[PDB]
Amino acid sequence: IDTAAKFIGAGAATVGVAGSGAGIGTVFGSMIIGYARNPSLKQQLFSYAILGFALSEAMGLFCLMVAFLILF
Amino acid sequence: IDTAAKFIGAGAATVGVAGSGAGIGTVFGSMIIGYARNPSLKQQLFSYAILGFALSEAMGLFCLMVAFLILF
Amino acid sequence: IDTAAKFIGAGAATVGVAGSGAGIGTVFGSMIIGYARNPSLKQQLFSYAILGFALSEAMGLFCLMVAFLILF
Amino acid sequence: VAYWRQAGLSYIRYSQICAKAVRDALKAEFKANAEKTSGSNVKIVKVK
Amino acid sequence: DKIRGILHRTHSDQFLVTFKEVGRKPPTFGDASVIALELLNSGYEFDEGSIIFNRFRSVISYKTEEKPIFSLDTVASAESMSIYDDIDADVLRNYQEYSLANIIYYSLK
Amino acid sequence: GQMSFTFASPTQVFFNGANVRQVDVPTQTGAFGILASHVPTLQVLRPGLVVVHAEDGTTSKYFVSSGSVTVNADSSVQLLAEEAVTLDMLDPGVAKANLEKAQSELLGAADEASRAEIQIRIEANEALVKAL
């Protein structure tokens, strides 16, 4: 009965990372419309997308680590 | 019952690619409305939308990779 | 008990096809607003939509493909 | 696009009316400077 | 008048419109709008042009000069406007008309 | 910083090469603010007030009618307007009466473009009262 809980738990805990990709498409989908209005690429705009991918994935990749301790 | 825990987990962890499915649908919804202002197409407008796709679908594809380990 | 794990893996895996159905509303929504700027439509404006529509549905079918593997 | 668009008007024909209303809301003191500009003096000659 | 009176012989069939009663009273901006309005609503859809006038240097010496008029929207749609912002072909239609009334008022003064 | 603001009527000049950090212009297709390094555009005007914020403690409440705002590549703008008057030359009392009379002719317009001319006139008097 311990085995029947560990495998449903982590697979439930994987669901949330779908939330992460559905915002992380926006943070490059705002930089496409960002650079196409004002070519300010090499300055601070592109580095925000480097922060923007790094931040929201940290909301995402921790949820995968939640799945591991249920599995282990 | 021991084989049943294999089946219940992957169908739950399947859905973590649903948002990453829509997370690539908006990065192409930008480049329509991005290019239609500034025809600088073959340059880094399109080359950035390539990078946003393969990064986001990989985080969806790793969600399918854990579906196999719950399966196997 | 052996039949019951077939249908949770059938029901829960089919859920993820909802997400990519949300994505192709974006790209066909964005082609309406991109055309209203710059009527160069029969060129790569409309062709990028059929680029994007095939690429998002490929993820959603990739979600639906495990529903036929794990059920059978 | 607006209502003055898609009905067959020009932006000068827009700009004539909205500037004429400002010259009607002026007082009695600054009415002469609305009479000053008042640029209806050029005649029209087309040969046909 | 005296432009039309000189050119009445050689070029009587290349006239579009002629504007008389000019120069008695001082010119104003309303007369630069009367002329520029009738240059559009005539039926003649043109694509380039130029204006000739006498820009003066001093009391003694003037000079007859030459200045072009980019009236067409698509010749004003080149590489140097793709850097610019959200201007469409409707905003640039309204803007390029207004600069026709500002080159006439410059020429009239 | 390092801006240039020019504000000229046909007959008079308000600002020449003197910039103060923030310009508010009523655009035909919305509104904007000039951040002294704004991404450059070529816009045209609607009837509405221009409130230039001087450095100088206070603001400056002008009211244009129809002009053109050209912010350019270097940090420098050129705002030219046709009827750029201040507030105290206008009377509010005549501006109240001019509204509903142009609404009365709106139903009495038989043609489609002559009625479209009436829709231009009611919009300018609507921005007249609310600015006051």
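Lettered A, B, C, D, E and F in written order, each chain numbered from 1.
As a convention for this text, a residue touches a chain if its C-beta (ideal position, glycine included) is under 8 Å from a C-beta of that chain, and two chains touch if they have at least 3 such contacts.
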Check: interface with higher C-beta contact count, D-F vs A-E, is D-F
Identify the chain whose mean C-alpha position lies nearest to the mean of all protein C-alpha atoms shown.
F
Compute the distance, rounded to whole Å, between the mean C-alpha positions of chain A and chain C.
19
Geometric centre distance via CA averages, chain E-chain B, whole Å:
56
Cα centre of chain A to Cα centre of chain D, whole Å, reads 58
Check: chain D positions touching at least 2 other chains come out as 11, 15, 36-37
By residue number and range, which residues of chain E touch two or more other chains?
28-29, 83, 85-86, 94, 98
Among all residues of chain A, which ones touch two or more of the remaining chains?
18, 22, 37-38
Touching residues (chain side chain F, partner chain D) in the complex
10-11, 44, 47, 63, 65-66, 82-83, 85, 89-91, 94-95, 98, 112-113, 116-117, 119-121, 123-125, 128
Once bound in the complex, which stretches of chain F touch chain E?
10-11, 28-29, 39-44, 68, 73, 80, 82
Which residues of chain C touch chain B in their complex?
1-2, 4-6, 8-13, 15-20, 22-27, 29-31, 33-35, 37-38, 40, 44-45, 48-49, 51-52, 55-56, 59-60, 62-63, 66-67, 70
Provide the residue numbers of chain E that touch chain A in the complex, in ascending order.
83, 85-86
What part of chain D is in contact with chain E in the complex they form?
1, 5, 10-13, 15-16, 36-47
